[PDB]
Every structure is written in structure tokens, then in C-alpha cells.
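Undergrad: My questions all concern the structure below.
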Amino acid sequence: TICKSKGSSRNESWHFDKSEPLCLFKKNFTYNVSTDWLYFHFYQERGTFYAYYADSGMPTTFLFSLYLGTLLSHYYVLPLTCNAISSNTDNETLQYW
Amino acid sequence: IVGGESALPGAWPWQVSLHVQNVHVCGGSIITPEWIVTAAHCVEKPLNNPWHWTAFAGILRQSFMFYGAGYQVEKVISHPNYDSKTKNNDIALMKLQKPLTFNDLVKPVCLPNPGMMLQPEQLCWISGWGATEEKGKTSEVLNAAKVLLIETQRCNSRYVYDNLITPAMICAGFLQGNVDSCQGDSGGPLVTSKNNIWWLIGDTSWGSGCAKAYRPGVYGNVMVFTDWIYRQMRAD
Amino acid sequence: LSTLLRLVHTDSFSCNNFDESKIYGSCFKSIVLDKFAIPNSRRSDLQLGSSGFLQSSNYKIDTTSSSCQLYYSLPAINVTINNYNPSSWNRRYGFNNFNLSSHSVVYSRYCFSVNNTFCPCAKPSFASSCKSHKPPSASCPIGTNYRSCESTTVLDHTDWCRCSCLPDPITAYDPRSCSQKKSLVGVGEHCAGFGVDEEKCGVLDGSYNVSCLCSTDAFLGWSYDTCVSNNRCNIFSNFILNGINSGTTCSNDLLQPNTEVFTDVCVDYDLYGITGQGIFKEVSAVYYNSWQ
Ligand SMILES: *[C@@H]1O[C@H](CO)[C@@H](O[C@@H]2O[C@H](CO)[C@@H](O)[C@H](O)[C@H]2NC(C)=O)[C@H](O)[C@H]1NC(C)=O
Ligand SMILES: *[C@@H]1O[C@H](CO)[C@@H](O)[C@H](O)[C@H]1NC(C)=O
């Protein structure tokens, strides 16, 4: 994954699809960009996957539920390639616990 | 003739070969045993001589062409209204000493009567000793093909024959090409099937290219000159 | 679909290789909508299968799959037509907008396809040595094939030059001798391009200092016609499916509507997947959030 502002040498490319395949759930949510943290809750029960998210230090709120019928097994965090995250120019760090 | 099939013996019993200097140069058509129809431009000076010519009839192949032929060649008759720079009235008459004996595969064509109501796009046949290559070399057997009559008002278009067609001139062949005459077919008989009777309505005069697009054939309109032919019948 | 047919005034609606009743209560994975105006003169050419100009040069409807057709109308008071030529080689050599009139649609009558080497230009040196019927010649960009013109000898004329694509590509005597060939469009693509009259392209005696520009009259194979009927314009649309009984996109008509609530009356509720019975009474609350 690359950054939109102050783009890196390469380009963001994680999927190759000429057309949009069959998707099950698509929505867009908003959040405050002035916050300093973000909290996420993900889990599954009886084949139903739930999602929760929150901006500040408060209990998370409902996002959505999805019926898949299959038990997922793996998750991953794509590294961010940017020309500004390096500590040489901005002294910033990425944190994802 | 390019793109034509071989003519079987006893199919077109009117192919008369005119050979000068012991080699065939021009063809002809037989209507009466005393007169042969040929081209006038090929009989011009200095070739306009009663001698130094030979007529061959019934020769189904060039291999049989050798010493021994028909009767002697008499004087030639040309249309006084013919010209060299402008192609017009290209009809010549050849006379023979002895009459042509009608053999098995010998049958003269009938002259077209004034008034026939010919079809505009009518299929006709052209037979002779032509070529199938670039100007060709020779011809050892009879070659015959079929063509169509292009309209006069259509053949003289501004892109092909703009102001180059006389009232006594017709076009035979295909506009797309690949089927036409070539060099050496002087006097090619143009016969058509009408009421189970063959009629001679064309005569090879000139042309451009051989079996090419946008270049149809050129033939003379004999029906206009038929009366003049009868004039020769009043002469001899 | 019922709301769509109700809001938009539908004049005719049919379906090929599928039933209209089966649409009510099904799910399609994807839908492709192809819409365009309807010419008044050639409306009957919109039948399922015909050798018309519209189906052979503008848009053909494939009958090997389940699809639907919808002819509807639209108030001609605010209808504007944006005409364009989806041809690359035609636009390359100097094509421009039609600008004929308003409330008029243009349909192509003949389609011609070419390769990436054609040029409506003759050779300057070849056209210079033509004292009879000299074709116009000019320069082409880097990489093309000039007009095939050959000088043939005649009885007295020695500068008679012929070319290809004569007289016109619509009524050419020898189609095999011309570069551009008539082609029929299939399903999915647009028209290749209009006809090009090589006799009206370029200038005479050009010393390789002018491109090959054809006049507006040099393009043939199209006709414009009005589309106004009873102060309205007729528009055709084609719905192509991609799957039956498979897909997230379903029909909302076969669902439960949102009825009106009733107070002080014992009512059976099915609220948010939770069923029950009870009475409703209006009250003022402030503790409800967006997600709650
Ligand atoms: C959610 O928001 C994103 C960002 O605004 C949308 O992504 C844009 O979509 C439009 C239309 O397809 C494109 O022209 C943009 O290039 C997209 N931008 C980015 C950054 O991807 C996305 O479409 C929205 N999702 C929904 C369901 O509306
Ligand atoms: C009982 O009847 C009264 C008068 O008809 C009516 O106003 C009220 O809503 C009724 N209550 C119920 C629960 O049906």
C-alpha cells in the first residue's frame, strides 16, 4: 500500500481485476480526521462476521454483519510504502496493535 | 484469352487461322465459303498484299499446322472509312480461290439480321488462340471463355473510357477483370446463343492489358456494317 | 422494475429468451443497459432479427442469450442530441462535428473497415506524371500506404493513370481492388467508420507540404432523421443479463413494504427481525443515537 499524498516510487497494486467481481457488501463510513487513535473489533460467530469501530477512547459502535457460511482463517496488514513515514524527514512511526 | 477452358473438337467450327511468314498471326470468322471476316488494322500496309498469306480451317491444334492448307489467298477488301489514329470501322474481308468444302467439323456462322432485341447483359462466348500470361508467347490449342456485354453508356464512364467509344464499338468482358482477351487475338469471333442459333456480333479491334480490372474488352459492332458486307456480295 | 415502468412512461416492454413474470422475484448478478434514440423512419428495423441499417451498422442485438427490450418516450422539450463519430482513422484525417439541426439523430448506412496503413493520399511523384485524370496527391504522416495509382498506355494517350476505389466505395466496380472493405458490426463494438471518397481527399500538385484532409462531402454512408413524435422522442433500451438466480442484485417488489404505524391499537410488529405483539404510544426520546 502506498500513500496518496507525497507518493512513493512504486504504485499501489494489490488486486488485478479488469471488471468488478461479485461482491456481497459495500458501504462507506466516515470518521474524524483530527483524532489520534482508532479502535476496531472483528469477530465471527455461527458463520456470521461482525464489525465494530470507534474514534476516541470509547466503546466501539456497530458497523455491519455479513453472512458467509465459511470459517475464515487468516488476516494480514499490508505495509505502507511512503516518502514521508521515514524518520529522516518527518520522524513519524506507524502503529497497528 | 485468360482464364478459359480448352475447347473440345467439333465445338466452334468457324475458327479460321491467318498465318503469314509461316506462322499464325491473326484469326478470322467464316460466314460463306467465298469470304472470311477479319480485322482491318492488321491488314494494313505493307501487309496489304494478296500474296504472302495462308488460310487454315479445321486445325484443332497448332501441332498439325504444317505444309498444306486451304485455297490460295486472294485480294483483301478494307473499309474506306477506316482510320489508323482513331479506331473506327475495323472490318476486313478476305477472298479465297476455291470454295471452302464443308467438312464434318465445319459450319459457318450466320450474319445478324437487322433487328434482334439483344439482351443488355447477355452471355457471349469468345474463342481463339490467345495467351494466359504477360503478353504470352504462343498458343497451341483453342482457348474459349464466356463474357458479358457491358452497356455503351456505362463502358464510356469518366474513369475508364471517357469519350473513347464510337457508336460502332461495344465492350465485352467483366468490369472486375480476370476474364478478357490478350495480344494475338486479332479477329476473335464473338458468338452468342439466340434461339439455338449462333450470331456473330463482335470483332476484336484493340484493348488495354489482359484480364485486368477497369479495362473491359473492345469489339466492333458488325450489325452496322452488315449491309456493307452485302455490298461486297454485290461487288463479286 | 414496477417502479421503473411506472415513473418512466413505458410504451413497450418485451423479453427474449426469458419470461417477464420470472423477473418478479429473482436475482441477477449484473445488468448491462444499452440505450439510444429511435429513428421514426427506421423504427420497424428494431425488430428481433432484420437486415436493416441500424442492426448492421449501428447496434445489433444478440439473440443467443436472455435479454429484454424497452421502448419508452421522453418529453422533447428538453432533449438534446450529442452526435459523435466512433471512428479512429476518420477522425485522424480531419473529421469534425456534424452540426446539422436539433432533435435529429444520424444513423449510418454503410460501414467500412481498414487496417493501420491506409491513407487518403496519392503519391506526389506518381500523380505528377499523369497528364490525363491526375489524381490529387499530398503527404501522409510517418507510416502509411499511399493510393495505388498506375499509368497504363493507351492507343494515343501515354499518361492515362488509374487508381483504386473508383468511383465510390459504396458502388465500387471492383471491391477487391480497393483498400477499404465493407464490414458488418457484431455485438459489443461500434461502427468502424464512414466511407471515404479518395477523389475528394487532398490537393492537386502538392510538394509534400500538406496533410490528407477530406471535405465534408467526401464522407458517405449516413443519414439524419428527426425523432419528434407528439412533442416527445422515442428511446430504445436493451437490458442484457449475466446470470439467473445468482447475484446480490434482486427485485425489491417481492418484499414487505413499510406500512404506517397505529397508536392505541393492539398491533403485531415485525420490527428489525424481531416479532411480537403490543400497543404503540408516541413519546419524546433523546437517548437514541444513529446506530441505535
Ligand atoms: C467510498 O469513497 C471512496 C473515496 O471517495 C470512493 O472511491 C472513489 O470512487 C469514485 C467513483 O467510482 C472514483 O472516481 C474515485 O477515483 C474513487 N476514489 C478512490 C480514492 O478510490 C468509493 O467509490 C466510495 N464507495 C461507495 C460505495 O460509494
Ligand atoms: C379502547 O376503546 C377506546 C374507545 O373506543 C379507544 O379510544 C381505545 O383506543 C381502545 N383501546 C384499545 C387498546 O383498543
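Since every read-out is calculated from the coordinates, none of them should be taken as a lab result. All Cβ positions, even for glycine, are placed from backbone atoms using ideal geometry, and neighbour counts span all protein chains on display.
Undergrad: In nm, give the distance between the simple-model label positions of residue C:170 and residue B:152, each being 7 Å from the Cα along the Cα-to-Cβ direction.
TA: Here the modelled spin labels are 3.0 nm apart.
Undergrad: Report the gain in length on full extension from residue C:263 to residue C:246: 0.36 nm times residue separation, minus Cα-Cα distance, nm rounded to one decimal.
TA: On the way: separation 17, 0.36 × 17 = 6.12 nm, distance 4.11 nm.
Taking 0.36 nm per residue and subtracting the Cα distance, the gain is 2.0 nm.
Undergrad: Distances over 13 Å make up what percent of all Cα-Cα pairs in the range B:160-236? Walk me through the numbers before you get to the answer.
TA: Working: 2064 of 2926 pairs.
It works out to 71 percent of all Cα pairs.
Undergrad: Now for a separate question. Apply 1/(1 + (r/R0)^6) to the Cβ-Cβ distance of residue C:4 and residue C:103, taking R0 = 30 Å, and write down the FRET efficiency to the nearest 0.05. Each step should come with its number before you reach the end.
TA: Values: r = 25 Å, r/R0 = 0.84.
E between residue C:4 and residue C:103, to the nearest 0.05, is 0.75.
Undergrad: If we count every other residue with Cβ under 11 angstrom of residue B:55's Cβ, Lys/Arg +1 and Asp/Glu -1, where does the sum land?
TA: On the way: positive: B:95, B:98; negative: B:74.
Here the count lands on +1.
Undergrad: If you count, for each residue, the other Cβ atoms within 10 Å and average over each peptide, how do C:229-241, C:144-156 line up from highest to lowest? Display every interim value, and only then the final one.
TA: Values: C:229-241: 16.8, C:144-156: 15.1.
Ranking, from highest mean packing down: C:229-241, C:144-156.
Undergrad: Related question: Go through the range B:50-123 and name the chymotrypsin sites (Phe, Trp or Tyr not before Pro) that are in a DSSP coil and have 13 or fewer other Cβ atoms within 10 Å of their Cβ.
TA: On the way: sites: B:51, B:53, B:56, B:64, B:66, B:67, B:71, B:82, B:102; in loops: B:51, B:53, B:64, B:66, B:67, B:71, B:82, B:102.
Sparse-neighbourhood loop chymotrypsin sites (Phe, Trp or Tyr not before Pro): B:51, B:64, B:66, B:67, B:102.
Undergrad: Something else: Quantify how strongly other chains surround peptide C:172-181 by giving the mean number of their Cβ atoms within 10 Å of each of its Cβ atoms. The partial results should precede the final answer.
TA: Working: counts 2, 10, 8, 1, 4, 5, 0, 0, 0, 0.
Average neighbour count from other chains, rounded to a whole number: 3.
Undergrad: Over the range C:160-292, what lengths in whole Å, largest first, do the semi-axes of the equivalent ellipsoid take, defined as the square roots of 5 times the eigenvalues of the alpha-carbon gyration tensor? It would help to have the intermediate numbers written out before the result.
TA: On the way: eigenvalues 1022, 72, 59 Å².
Values for the range C:160-292, descending: 71, 19, 17 Å.
Undergrad: To two decimal places, what compactness ratio does the protein assembly as shown give when its Cα radius of gyration is scaled by 2.2 N^0.38 Å? Walk me through the numbers before you get to the answer.
TA: Numbers: Rg = 41.9 Å, N = 625, 2.2 N^0.38 = 25.4 Å.
That works out to 1.65 for the protein assembly as shown.
Undergrad: What is the distance in Å between the Cα centroid of the range C:210-239 and that of the range C:44-60?
TA: 15
Undergrad: Among the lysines, which fall within straight-line cross-link reach of residue C:22, defined as a Cα-Cα distance under 29 Å, with same-chain neighbours fewer than 8 residues apart omitted?
TA: Qualifying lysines at Cα under 29 Å: A:26, C:35, C:60.
Undergrad: Longest segment of chain B with no trypsin sites (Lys or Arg not before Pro) in a DSSP loop having at most 14 other Cβ atoms within 10 Å? Write out the running numbers ahead of the final one.
TA: On the way: sites that count: B:85, B:135, B:137, B:158.
In short, B:1-84.
Undergrad: Just need the Rg to Rh number for the range A:1-43, please, alpha carbons only, Kirkwood Rh.
TA: Numbers: Rg = 15.2 Å, Rh = 14.7 Å.
Taking Rh as the inverse mean 1/r over Cα pairs, Rg/Rh reads 1.03.
Undergrad: Starting from the range A:1-82, pick out the chymotrypsin sites (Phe, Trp or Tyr not before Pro) whose DSSP state is loop and whose Cβ has at most 14 other Cβ atoms within 10 Å. Spell out each step's value before the answer.
TA: Details: sites: A:14, A:16, A:25, A:29, A:31, A:37, A:39, A:40, A:42, A:43, A:49, A:50, A:52, A:53, A:62, A:64, A:67, A:75, A:76; in loops: A:14, A:16, A:25, A:29, A:31, A:37, A:75, A:76.
Within the range A:1-82, the qualifying chymotrypsin sites (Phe, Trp or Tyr not before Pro) (loop, at most 14 other Cβ atoms within 10 Å) are A:14, A:16, A:25, A:29, A:31, A:37, A:75, A:76.
Undergrad: Further question on the same structure: Considering every residue in C:157-168, what mean count of other chain Cβ atoms within 10 Å of its Cβ is obtained? The partial results should precede the final answer.
TA: Numbers: counts 1, 0, 0, 4, 0, 7, 2, 2, 0, 6, 4, 0.
Shielding by partners across C:157-168 averages 2.
Undergrad: How shielded is B:170-182 by partner chains, expressed as the average number of their Cβ atoms within 10 Å of its Cβ atoms?
TA: Details: counts 0, 0, 0, 0, 2, 3, 6, 4, 2, 0, 0, 0, 0.
Averaged over the peptide's residues, the number is 1.
Undergrad: What pairs from C:134/C:182; B:95/B:146; B:135/C:131; B:135/B:212; B:146/B:212; B:45/B:87 go past 21 Å between their alpha carbons? Working shown, then result.
TA: Details: C:134/C:182 27 Å; B:95/B:146 30 Å; B:135/C:131 26 Å; B:135/B:212 12 Å; B:146/B:212 15 Å; B:45/B:87 16 Å.
In this structure, C:134/C:182; B:95/B:146; B:135/C:131 lie more than 21 Å apart at Cα.
Undergrad: For the protein assembly as shown, give the share of DSSP beta bridges that are antiparallel, in percent and rounded to the nearest 5; count only bridges with both residues there. Please report the intermediate quantities before stating the final value.
TA: On the way: 96 of 104 bridges.
For the protein assembly as shown, the DSSP antiparallel bridge percentage is about 90.
Undergrad: Find how many whole Å separate the alpha carbon centroid of the range B:1-32 from the alpha carbon centroid of the range B:84-144.
TA: 8
Undergrad: Right, another one. Round to a whole angstrom and tell me the spacing of the C-alpha centers of the range A:39-57 and the range C:100-131.
TA: The two parts, judged by their Cα centres, are 64 Å apart.
Undergrad: Rank the residues C:268, C:205 as a footprinting-exposure proxy: fewest other Cβ atoms within 10 Å of their Cβ go first. Intermediate results must be reported in sequence, preceding the final value.
TA: Values: C:268 8, C:205 11.
The order, fewest Cβ neighbours first, is C:268, C:205.
Undergrad: Between residue B:86 and residue C:31, with labels modelled 7 Å along Cα→Cβ, what's the label distance in nm to one decimal, could you check?
TA: For residue B:86 paired with residue C:31, the spin-label model returns 7.7 nm.
Undergrad: Label points 7 Å out from Cα along the Cβ direction at residue B:224 and residue B:133: separation in nm?
TA: 3.8
Undergrad: Also, quick follow-up: For chain C, I need the span (max minus min coordinate) of the C-alpha atoms along each principal axis, in Å, sorted largest to smallest.
TA: 111, 43, 39
Undergrad: Which Cα, out of A:9, C:57, B:108, lies furthest along the positive dipole direction of the protein assembly as shown (beta carbon charges, K/R +1, D/E -1)?
TA: Towards the positive end, the residue furthest out is B:108.
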